[PDB]
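These notes concern the structure reproduced below.
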Amino acid sequence: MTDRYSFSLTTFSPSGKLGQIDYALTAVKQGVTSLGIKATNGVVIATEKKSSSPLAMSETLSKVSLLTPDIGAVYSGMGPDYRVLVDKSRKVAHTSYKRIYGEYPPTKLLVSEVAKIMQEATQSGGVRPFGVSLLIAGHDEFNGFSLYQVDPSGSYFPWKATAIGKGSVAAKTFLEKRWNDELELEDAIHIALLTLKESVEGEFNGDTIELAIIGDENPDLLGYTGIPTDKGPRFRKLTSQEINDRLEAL
Amino acid sequence: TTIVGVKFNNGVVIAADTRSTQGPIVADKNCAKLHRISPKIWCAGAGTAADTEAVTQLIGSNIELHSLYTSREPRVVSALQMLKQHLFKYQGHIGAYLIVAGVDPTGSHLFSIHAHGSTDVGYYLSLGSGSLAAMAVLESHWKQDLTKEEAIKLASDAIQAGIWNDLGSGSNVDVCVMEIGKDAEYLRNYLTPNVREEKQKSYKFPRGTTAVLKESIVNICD
Amino acid sequence: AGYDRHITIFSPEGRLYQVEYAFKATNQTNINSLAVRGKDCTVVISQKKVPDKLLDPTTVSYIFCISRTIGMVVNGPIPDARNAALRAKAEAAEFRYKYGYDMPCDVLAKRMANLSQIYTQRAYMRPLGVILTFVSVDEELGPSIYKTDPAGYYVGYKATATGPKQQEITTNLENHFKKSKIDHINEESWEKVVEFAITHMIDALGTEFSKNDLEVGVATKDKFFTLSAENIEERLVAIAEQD
Amino acid sequence: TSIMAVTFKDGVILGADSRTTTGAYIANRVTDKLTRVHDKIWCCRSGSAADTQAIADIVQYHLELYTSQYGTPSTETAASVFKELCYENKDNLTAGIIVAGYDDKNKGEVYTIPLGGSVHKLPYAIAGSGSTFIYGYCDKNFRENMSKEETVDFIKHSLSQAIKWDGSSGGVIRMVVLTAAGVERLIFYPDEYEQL
Amino acid sequence: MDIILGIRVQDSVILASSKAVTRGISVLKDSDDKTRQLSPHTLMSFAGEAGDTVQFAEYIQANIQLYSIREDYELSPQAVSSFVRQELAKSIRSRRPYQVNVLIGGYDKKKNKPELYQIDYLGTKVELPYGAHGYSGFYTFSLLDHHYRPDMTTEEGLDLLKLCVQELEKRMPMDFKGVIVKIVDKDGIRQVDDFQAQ
Amino acid sequence: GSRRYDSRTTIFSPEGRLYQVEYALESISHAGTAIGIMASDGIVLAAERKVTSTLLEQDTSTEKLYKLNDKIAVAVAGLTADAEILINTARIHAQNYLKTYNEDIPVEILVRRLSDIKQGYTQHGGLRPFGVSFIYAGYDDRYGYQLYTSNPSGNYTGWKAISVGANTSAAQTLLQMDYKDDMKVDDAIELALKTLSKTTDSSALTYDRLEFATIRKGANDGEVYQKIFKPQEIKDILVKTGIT
Amino acid sequence: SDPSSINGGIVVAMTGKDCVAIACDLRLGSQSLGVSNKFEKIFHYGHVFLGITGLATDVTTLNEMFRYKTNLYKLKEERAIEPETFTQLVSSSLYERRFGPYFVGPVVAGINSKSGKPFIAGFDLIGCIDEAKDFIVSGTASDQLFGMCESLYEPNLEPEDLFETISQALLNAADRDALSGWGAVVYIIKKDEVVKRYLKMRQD
Amino acid sequence: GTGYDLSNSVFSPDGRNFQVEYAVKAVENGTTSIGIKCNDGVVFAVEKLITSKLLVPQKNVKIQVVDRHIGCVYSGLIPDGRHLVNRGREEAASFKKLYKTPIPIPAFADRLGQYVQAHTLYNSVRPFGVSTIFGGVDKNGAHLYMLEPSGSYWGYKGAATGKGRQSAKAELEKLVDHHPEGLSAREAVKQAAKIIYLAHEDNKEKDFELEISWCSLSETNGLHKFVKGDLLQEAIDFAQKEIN
Amino acid sequence: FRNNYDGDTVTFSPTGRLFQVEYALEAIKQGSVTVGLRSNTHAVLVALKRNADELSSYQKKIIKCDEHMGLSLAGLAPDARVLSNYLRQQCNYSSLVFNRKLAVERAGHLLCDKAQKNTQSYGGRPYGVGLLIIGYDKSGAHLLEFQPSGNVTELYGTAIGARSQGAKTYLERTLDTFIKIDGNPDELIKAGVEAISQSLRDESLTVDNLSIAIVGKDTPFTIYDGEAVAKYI
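Protein chains in written order, with the UniProt record's numbering: chain A, 1 to 250; chain B, 30 to 251; chain C, 10 to 252; chain D, 20 to 215; chain E, 1 to 198; chain F, 2 to 245; chain G, 2 to 205; chain H, 5 to 248; chain I, 2 to 234.
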């Protein structure tokens, strides 16, 4: 028994590379494309649901996850690594923030916490880095809307729009053409849907595309009335139908 | 403290007074004894105010995480099992006496929790120093198959019994209604039968009344 | 340079060989299995192969009762299968105690998948060489199949199959579902759903089965049980009376 | 609290009153003191509500794990798990538990676990604060291998006496009947048992 | 308790501390120095529970001396006193608390002011012109409230203490065997050996 | 067992150097250049954001300059994520010191503490060191304006001007030539920019690829002020010094 | 015996028209012996004001603790803490010591720099929040304060009227408490300025 | 590449654990030992090589009892077998402690299985160098198990392991065909003695001692007992008579 | 083959061997010889002691464990100190707790289980010493052979150490004779000393060179050295 691996599995090579982190980014490159676009009144994050069998039920595997009622995440790379990260992210938003200050963390802060968890897997004994890159979109009262990228090393950067994974270079070019500081949310949804069309070979519909937004408060999605200062979540996953509505207008 | 819980044909209602005291002195005339564990599971608390609020949010926070982990709406039996196990662990030292109610995929529920961690199930329940006044009214007017409006009335009447008759209770009535179809409605200050009458005189002072020794500007900025 | 094949660290391609190899072990027993959903039941079918005459056939199983409601069939070596069964049973019992209701199939799946994911990331734990197919009639979701692998992956399934001849069974079922246009087997009795499963296994594998060549588990509202030789025989007789 | 369990020809019956008091105030008049730890293994609880509940909750947990690995546990096994908790934590618990179960091989069995944590296998058992008043009565009227209705009757008369005299007992008489047939829940209201 | 008196004048801090050490029925010693020097311009007096008294004071002195070497610098009286407060405030919720009350008298070479800090065993620090612990204030404070001026010379300070000690020797029931007096100023810490018949 | 896979991050070479420290410094040498210059009345920190994009948000960013205290800041060259671990503990150290003594922490004491933490990852524990070098800019009332540097070895040194990251050879030569002891903050700013401008591997040095900060003594006060330049403010200061 | 009564002292807070005011006495005693007339019990972290009554050593500690936590807050959040948030922080900090609490009665007062809403709150030694709309009282003459405040207070007063009210509430309460007084101080707090006035009162 | 076989928990490219496979070699190299299930119990026998006249006969007992009703026998590294039996004893005590009833045989099997499997999960432990044949009588029958170094185990009609395993397995298979209605306890004891003698052929260079134990509902009262004196000699004879 | 698998005790060779253990066994073979043998009434250890120089002392090879039990060693002497020290405690525990003299059979089981733990775990090493344990308990006289693999064997007599095969055959040949030397201490020892003489090759066994111990029916375990062995050369 007993973990006898109390030394780093990620070390510096003579050139200064950190091999394991490089290798994890390469796992990310092979991953299905995901992307995020920031508008003036919202953010959209989107990816392809790429089922392993047509016998699988792809609504059971969610690639776009609520972290707090105002923050959402998507990934490219290793799916199971993402899933546990979402567990740890959700929890830390409570233990490191909500249980202390009575409110949900602001985006940059929660990203920061996720980044820390990632960094540590790059230095602690007997683990390998996480093989994912994340895009975290969210809102908070004092910073407005924001979109962040987090890489295996634990580095994070704020973006106006970006894409990660398989077709990320093509898609970042496509995004530089179409982005401006005046886009309304629906316009950004539109650009997301277009950008993604380039990456998908197969069927391209509301059942094969996962997409969520950080927009207005949805008081209908809160579950209770009577506290004027609780307005509902800003995170909303679109429905299969909502996506298809926007594809005919494509 | 007077707190009650009444089941109706399609849900459950809970209510509370709004007096908070330290010894014989009234500290808060409008405090909230009704607590949200999740959107559709609310809790009424008696005993130590910091304990009922803290134990509600600790469990609430874990319920939220549990809900997200399992992709399922929270259940009342979950909140109940979590609360009692925590309360038990601390042997009565966390002074939370709770009426826990809500609706979930399995139906509508109403339970009580004692500080030592025993639990009870019922159609009607009260706890607190107004417990007996309230229960007198409940034992008097409760029937099987109440309507939502009947249940709000009965609940509201029980809290009133407490307001008037128990020195431990007063001021207003807070209600929360959890119906199986619908969103939970929290009605803060559903009743306010204790408005202070207008004073006989105004106590506003002539400016300059107070002797000042020294005045200074405090720096907020950096 | 060449130790990235022994522990669960990244290869320069970004691969985890130890996980790939662990998948390979899941075929070591040369047993196939398949799961399908009824109107209100869930059925797992698995090949039973007892080559040694010295073996007590009644103790040879890869189907496990995890809780009153969840059943689990494994593809992989029996020692890793039993390791997984014990754990899942402990996890199902604990959940009930802590949260006051029965652990859902998908939830147990996620839990086992997370544990598997850890072995994927920590060096001192090896992955288990097993694939776990979990089945129940969930109280909120109805008939459920969730399957986990050495990578920590899991997903829900309309129906599924696993083993050396995974693919043949899969295409057979895929074809059925294109025709039938629904995501289940439209039968009120589980007896008929078992019957369907066995039938479609025969068509895909091209083999006839006797009462000792199979092993069947059935999940219904509030029970998961496994069939005896004799209950299977009764199913075999019935299939043969329509040919 | 007034509780008892009686083995008969076809199995075993658990019975209890429904009162829980804090002082002279009846905190609950409809309590269910007959607690299920397995399909056909039940207990009656007396002593501290929080303690007996917490214990029962753990025993339910242990026997659900046992069943998963080794199939159905015996009644003797259930009594042993209860005893382990009670004996090993005698300093911190106040629990007087009657374990009653039906087994196909063993028929009806009854194990009483008094304050210390000791186990006692018995043909019937009485416990709780109302029990003192019915020691004479029970000992004079219990016979081995009674019928279901004879047993129900014996429980009913017994508990109605205990309830009559103990202020800590009252409300309804609950019974759970444990046989090869399954599990039956009886209730008897004051208007009926008071006039026996 | 033992007598612990302190006064801050124009240009110095004076500490006066009783000389007696009593154990039950006998006075074991009549020349006890209830003081440690923490740094060249900071002095601490102390009174309370028998063992803890000196144990605490030497523990503080050791930490300050370590700081002084590590940094080749002398902490300000305010900084020393905050450290000392934190230490007592830790002690109060620990398993067996230090029952020690202290006066800190320091000359701040960077501000050129003298400073007197009173901290009791709970870690209750206050900064004052004059202070004491225990019963000492009850007898002396009305004299100090009356005569004290912030512009007093060191000489005037000692005269005012002389008065304070006189009142103590008249009305307080314990014979405390007089006081050792120490002055803390810009030049450091010296002892007034002529207080017996000053 | 496990011994087979241990890289041994904390052993000496036959020459007596520490492999991992050397390789981590090698990593840092490829990081965007950071510069600190100390003046009689202020300190400047300037850092060059390596490779950017039109789509990168610059308004909601600060990846190389971090505030430690009201009176101390750092500029980072190396792994950002590693740097945050360290920055965070350094922020904690400063407040423990403030809580203990009711005085802000002298700059050297904070730099020594961080350097000590780095040195530990060099001697015990078999973990890789942090791929990070810091420039420290700060003020206290003992030594006034100070400028320090620390690297993965856990060595720290004091400087009148210094660079870490890429092209430091080139940058140091330029700093040594034009730096004079009587300099004022306003000249220092200019020197910093000039130096980065001649040592960049980019075509030009635009505002979006720079972070900038100063610690001055607010001329209408008598006490110390830290200014992390807003994207606009960098754009302005880049025209005043004539690089438009 | 009673750690809440060793040192003495009071704090009161009131809301008015686009302003709040928070006030305290200056006494620090050791039972019957007055020790200091300069013991201020009100502190501030940016625009959030916290008053603390009760055991002096805990008053000092908690102030030093909240300075520490709000400093780290400002660094990570890149903005100053609001009163609503701070209140929650006081609450969870107190409850963390549930079975070994600080012997204190904290009071928060400030104006929310975004909404401009006036805010006050009170806490018990274990962190239960009382968010009254009108006034909050604390300390060894709190009974006296409740009586003064319940008569003297009216809603929406102007900063210079609120000042007279709170001052009179404080001074007449302290004068009926043996363990309060020796000086008083009143903060009048608006969106953009904050004025602090020391009162003249009896010294006995 | 290679080296897959140098470390315990490592999967080879074809999905095998080579160290476990090597443990199996240590087993094959060991003495032969068998178990035969009968219609109300189980019989265990083992071959004991006599290395010299110097070994006190009857004295170095190899079969071990667990609890009161379970017998175990193993071929391979003997100390490993002991370790495994020690654990089996703790494991059975624990079960009896908590559940009152003595541990059922299938339950017991699994306990050993999980522990053996555990020792193929990590490279800080070596796998077990034994196969163990074990069984007993419980509340509902008699059970015979054999447990491999991989942690694999099944229920057996009869079971054999060690150098002489093919002869034993062949002999065992005969018995199954010729007695489909069940063998008796006295019968199984005689038969056991036979199969050991027949298996002794593959190691015929040294002389051997025979050891038998049984656990039978009717013959031993469901308790595990060794076979001694008259009944032992009678089985030795039956085998000598059938070796010719 | 051997090259790659002999690094530690946690690694099996492809033929199923544990090299580290066999390497430990080899330290025994290079040890000085020692013999043990018993009748029905006594058990005897005889051991050849080895020195370094004519200047050095002869290193002891016999250690007493209780009044009724003791052993001789061959191999790493510190290891024998550890194992005999463990055995002393096991005897002691039996006495203090059960008021019972620990059976020689059981003492062998304990040593087997102790030794075995050091052959399955990473980072430990096997013991590099062999042991011969004699005792008189409730089932009479006994002799055991302990090997660092953990195999403990009960024998009428045996020998371990360099050239131990001489003594072993002599004993194998004399079996029926020495087994019957009951009630005669001196005669059993003489049988031991002769058997040990079969393993000499170097030189002849001298007064301060030879070590003998005995335990039996009315004899507590005692060790003879110096002039107290003169009567046996």
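No residue lacks a Cβ here, since even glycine has one placed at the ideal position from N, Cα and C.
Worksheet item: How many Å lie between I:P221 and I:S85 at the Cα?
Response: 17 Å
Practice prompt. Return the chain-ordered ranges of every alpha helix (DSSP H) run that is complete within the region 11-88 of chain I and spans a minimum of 4 residues.
Written response: 20-30
Discussion item. Measuring CB atoms only, is the region 74-90 of chain I touching the region 171-180 of chain I, in the sense that at least three cross pairs come out at less than 8 Å?
Written reply: no
Worksheet entry | is_contact[C:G109, chain B] using C-beta, thresh 8 Å | yes
Worksheet item: Rounded to a whole number of angstroms, what is the C-alpha to C-alpha distance between F:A172 and F:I110?
Response: 28 Å
Worksheet entry | CB contact below 8 Å: H:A113 versus chain D | no
Item to complete: Identify the contact partners of F:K100 in chain J, using a Cβ-Cβ distance below 8 Å as the criterion.
Response: Here the protein chains are A, B, C, D, E, F, G, H and I, and chain J is not one of them.
Item to complete: Buried or exposed for I:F2, please, with buried defined as at least 16 other CB atoms from any protein chain shown within 10 angstroms of its CB.
Response: exposed
Worksheet item: Regarding C:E242 and the ligand SAH, is the C-beta to nearest heavy atom distance less than 7 Å?
Response: Ligands are entirely absent from the displayed structure, and the ligand SAH is therefore not among its contents.
Worksheet item: Any idea what DSSP makes of H:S128, helix, strand or coil?
Response: coil
Discussion item. When you compare the region 53-68 of chain D with the region 111-118 of chain D, are there three or more beta-carbon pairs, one atom per stretch, that lie closer than 8 Å?
Written reply: yes
Worksheet item: What residues in the region 115-133 of chain A bring their beta carbon closer than 9 Å to a beta carbon of chain F?
Response: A115, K116, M118, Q119, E120, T122, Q123, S124, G125 and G126
Worksheet item: What is the residue span of the beta strand (DSSP E) that D:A146 lies within?
Response: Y143 to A146
Worksheet item: Should D:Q88 be flagged as near chain C, meaning a C-beta pair shorter than 8 Å?
Response: yes
Item to complete: Tell me, please, which residues DSSP counts as bridged to E:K29.
Response: E:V21
Worksheet item: Quick one: does F:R114 have its CB under 8 Å from some CB of chain G?
Response: no
Worksheet entry | Neighbour-count burial assignment, B:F117, 16 or more Cβ in a 10 Å radius | buried
Worksheet item: In chain order, what residues of the same chain have a beta carbon less than 6 Å from the beta carbon of F:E191, not counting five sequence neighbours either side?
Response: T242
Fill in: the region 147-169 of chain C: positions lying closer than 7 Å to chain B by Cβ
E149
Practice prompt. Helix, strand or coil for A:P80, going by three-state DSSP, please let me know.
Written response: helix
Worksheet item: Within the 8 Å Cβ cut-off, does I:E23 reach chain H?
Response: no
Item to complete: Would you kindly work out how many angstroms separate the C-alpha atoms of E:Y67 and F:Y67, rounded to a whole number?
Response: 28 Å
Worksheet entry | Every unbroken beta strand (DSSP E) inside the region 93-162 of chain B [3 residues or more] | 125-133, 136-142, 148-150 and 153-156
Fill in: Unbroken alpha helix (DSSP H) run spanning I:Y128, endpoints
That residue, I:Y128, is in no alpha helix (DSSP H); it is neither H nor E in DSSP.
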